[PDB]
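Working notes, structure below.
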Amino acid sequence: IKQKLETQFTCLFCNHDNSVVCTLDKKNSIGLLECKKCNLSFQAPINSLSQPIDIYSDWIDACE
Amino acid sequence: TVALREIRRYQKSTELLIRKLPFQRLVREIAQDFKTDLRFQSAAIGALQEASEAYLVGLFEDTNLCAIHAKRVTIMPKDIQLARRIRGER
Amino acid sequence: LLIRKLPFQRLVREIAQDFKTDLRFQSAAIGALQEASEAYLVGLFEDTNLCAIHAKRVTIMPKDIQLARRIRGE
Amino acid sequence: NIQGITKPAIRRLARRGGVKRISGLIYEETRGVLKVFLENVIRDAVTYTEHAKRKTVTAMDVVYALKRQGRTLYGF
Amino acid sequence: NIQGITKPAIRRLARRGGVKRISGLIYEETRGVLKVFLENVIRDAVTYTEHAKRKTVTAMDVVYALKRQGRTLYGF
Amino acid sequence: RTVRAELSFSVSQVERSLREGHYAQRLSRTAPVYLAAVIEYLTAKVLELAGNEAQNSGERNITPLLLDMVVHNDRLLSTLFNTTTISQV
Amino acid sequence: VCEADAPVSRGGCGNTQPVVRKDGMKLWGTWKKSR
Amino acid sequence: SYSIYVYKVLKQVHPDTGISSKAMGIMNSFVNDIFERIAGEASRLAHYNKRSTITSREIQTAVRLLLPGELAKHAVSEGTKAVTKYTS
DNA sequence: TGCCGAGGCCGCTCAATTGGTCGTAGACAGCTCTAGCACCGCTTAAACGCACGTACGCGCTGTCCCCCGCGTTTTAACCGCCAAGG
DNA sequence: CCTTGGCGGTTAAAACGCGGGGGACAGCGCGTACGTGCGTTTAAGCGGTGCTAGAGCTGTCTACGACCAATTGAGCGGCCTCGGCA
Ligand SMILES: [Zn+2]
């Protein structure tokens, strides 16, 4: 079953903190970051061990 | 006969003929393809469904006329392909 | 223009007399009416043609015109 | 009269429309469609002229009457 | 998907319209006519929502989108 | 002025809407009385038929099904509602 | 949801009700605004 | 907005027949639509003649344009026999 | 026999009335445009008959794909169970 | 002892195969009234001055209704009194 989790991470674009939601689909190995504010979306691959800090880390490197 | 029966019935009533949940899913899917996670008032979706069903029903009236014009009792693709063309939809 | 312009003007003045009296028309007004009327009739004949062809009829009949006009909402 | 809308002028319109063959009853049915179209547009053109306190139906009253039917006309 | 517009819902609608017997190649067409109608109305409803700086498509945005097609909807 | 003109709609509220709609820069003295009279006629022609059909059918109240059946029947005003759709929801 | 209408009005206001959670000395309520 | 007067005309046309709550919203959207259509059309009329004041004459013309036929005739007779009763 | 339903009185908020600007709306004049309405010369376009042909329509046939009913069965969507933690 | 992570159990109906049996799609036959290209003759159609004036175009003048500013009256909601059905 998918996991819809709220986090305390700051969006890299709109800068609103505590407004990034992480949807981790392990059945297809696809993780999804969403803002609740500006609502920018970012997709990245996840394994079985990943957690909201794993894809949010991949989002920091995808920008820089 | 049962076909006629249904036509006597549906034309008598005004309830929505498409299932609510499914329609909600279709609308949200299509909308999601324009702008991500768009929230919807329930009345917005209801408006969309009323409009869509009225549209399809009218289309089926015209389609029926096109089929009957061709001395047929069964509506086919050439009917809609005609009704919508004359409507200026295509 | 495919209709004698003058005949379109006559008919026009006649119909117009039934709405408002002692009317006068600019020539350009009548011309506008004729362009509009002929464009309308041509389009209608296209749709009618489509109805006839639909009913193994490429040759328009009154039935075809009536179907076309009904679907147009006319 | 409506009889000025001659048989070969409707025939020409039909040809311009793509019709190959015309029945013998289209001619009175096309005059009855043209008369309805003119009774719908001239009523609005006469309404714009009576509203403009004129007695001459200009071509912009005809453009406005065709605009009120979704038939915008360019060139006047 | 568009497959949620099922076979008997298109049949029911046809029954309301007055259709007696319906050929098989009409549901896909309807699914393709309904999708064009929704792609024409939802585009205008999303345009009114993005113009109103909202994120929730209200029912008055749908009424305005249907009003821009000559399909005024009463009751919202 | 509504009772004085012996009408039922307020010339005032509608006039306020005209001011808020900003349909022009300045209204006339008798333009909202004519518009309220005309509107009042259309409401007293539609609801006259809805109240005629509720007692012809035998209904007590007026439902939206009565409005949808009347305005698309009654060729008197069915032309005004060629392109309308009562929601019925 | 607190129903405005009986399942006829019951005195309700129609509002959906939140899921109230305790976080120390503070209570947080999460309302589901009207998938 | 206009729902308080729809019931007031309904008390005159049918003092025995009541109306629902959805039908009041339908008649209120009908009235706000034929209002924002007549005023809109009238606004177009006041621009085509380069005027600045919407008089009752631009309303009578927008009623002649919008309403088809007998509804416009009756519509223009009720507005005229309400403005004349107003000025007296 | 007596208290909650309805009308009346005291506040609230928005509508109605009055006075000064103010540029834009209405008047009015000078004057040229294309619409005014009447006649020529010529011509592209129109009124009416033909006739063998291609299209329009009626009747019979094939087989054939939607017609009506039943049964579980599955997504989607509402209500209760495994056995880990804090 | 109590409340979430994923999982059976919880319905209205359709995911319809597929058994049965017939309405009706498209090609094929015959079959008749109507039907346009070409032919005649025409009555109106296109282009030119000649004449005559209605009211648009553009100019400055004079002008009356709205804007935003201080007064202030009527409709409506919250207290508060009066009254007959149970
Ligand atoms: Zn963001």
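Here, residue 1 is simply the first one shown, and the rest follow in order.
So this one's electron microscopy, 3.5 Å, going by the header.
Heads up, the Cβ atoms here are built off N, Cα and C, so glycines get one too.
Feature annotation from Swiss-Prot assigns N6-succinyllysine to C:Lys20 (among others); the stated evidence is experimental evidence. According to Swiss-Prot, the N6,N6-dimethyllysine annotation covers C:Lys20. Among the features that Swiss-Prot reports, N6-methyllysine is placed at C:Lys20, C:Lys63 (among others), with the record citing experimental evidence. What Swiss-Prot records for C:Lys20, C:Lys63 is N6-(beta-hydroxybutyryl)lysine. Residues or ranges marked as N6-lactoyllysine by Swiss-Prot: C:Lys20. The feature phosphothreonine is assigned by Swiss-Prot to C:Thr21, C:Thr48. Residues or ranges marked as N6-acetyllysine by Swiss-Prot on the basis of experimental evidence: C:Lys56 (among others). Swiss-Prot lists C:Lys56, C:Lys63 (among others) with the feature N6-glutaryllysine.
Within 10 Å of C:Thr48 (phosphothreonine), as judged by C-alpha distances, the modified residues found are C:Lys63; the full candidate list was C:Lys20, C:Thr21, C:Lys56, C:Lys63.
In this view, C:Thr48 (phosphothreonine) is surrounded by 33 other Cβ atoms within 10 Å of its Cβ, with every protein chain counted. For C:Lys63 (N6-methyllysine), the same-chain residues 6+ apart in sequence whose C-beta sits under 8 angstroms from its C-beta are C:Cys51.
For the pair C:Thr21 (phosphothreonine) and C:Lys56 (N6-acetyllysine), the C-alpha distance works out to 48 angstrom. Most buried of the modified residues C:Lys20, C:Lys56, judged by other Cβ atoms within 10 Å, is C:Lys20. Other Cβ atoms within 10 Å of the Cβ of C:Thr21 (phosphothreonine), summed over all protein chains shown, number 9.
Looking at C:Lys20 (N6-succinyllysine) and C:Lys56 (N6-acetyllysine), their Cα atoms lie 45 Å from each other. The DSSP secondary structure for C:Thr48 (phosphothreonine) is helix. Under 8 angstroms separates the C-beta of C:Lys20, C:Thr48 from a C-beta of chain D, among the modified residues C:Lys20, C:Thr21, C:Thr48, C:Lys56, C:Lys63.
Secondary structure at C:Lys63 (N6-methyllysine), as computed by DSSP, is helix.
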